[PDB]
C-alpha cells in the first residue's frame, strides 16, 4: 500500500452534485451499514441517532426498545430525516486532488407497527439487510421492541467533491 504526498496543494471548491437516479440512491442506502436518524427534540433542537435499518419498496424499517429518549420526541414530532453515506474515495487527476463521497437522504414520518405479525415481517426486512441467517422472534421478544415504519416521502442523493490543485 502507498501514499502520494504533495508539498504545494491549493484548496479550491467543493461542489455537490445531485444524484437523480433512484436506483443509484437506493444502491447507496443498500450499501450502508447504519443510518443516521434526525429527530427534533422536545426543545426544538436536532437529535441525530445512528441505527440499523432495512429498506424495501420506498420504506425504511427500524427497531428499538419501547422507550424513551427518541420515543418521547417522535411522539411529539414523528418527522425524521434519515441519512446514509459511504466512505470517501481519493482520486488524483493527471495534478489535482479530489476527495469524493456520496450520500442518500430520506424524509418521512415514523409509525410504530403494533400488529405482531407485521412487526415480524418488518424485523425480517431489517435482519436481511445484515445477514442471510433465519431469525425467529418469540412473542415476548416481538412485544418488547418497537418497530418503526417510515414510508419515504422524499429521497435524494448527493455527491460531494472536495478539491485541491498543485
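Positions refer to the first chain, counted from 1.
Report the stretch with the higher mean CA temperature factor, choosing between 138-146 and 13-21 on the basis of the entry. Between 138-146 and 13-21, it is 13-21.
B-factor third for the C-alpha atom of residue 78 within its chain: Lowest third - that is where residue 78 ends up once the chain's C-alpha B-factors are sorted.
What third of the chain, by the recorded C-alpha B-factor, contains residue 120? Answer is lowest: the recorded C-alpha B-factor places it there.
Name the third of the chain's ranked CA B-factors that contains residue 110, choosing lowest, middle or highest. Its C-alpha B-factor belongs to the lowest third of this chain's values.
By the recorded C-alpha temperature factor, relative to the other modelled residues in its chain, which third is residue 133 in? Within its chain, residue 133 is a highest-third residue by C-alpha B-factor, going by the deposited values.
Going by the entry, which third of its chain does the Cα temperature factor of residue 101 land in? CA B-factor rank for residue 101: middle third.
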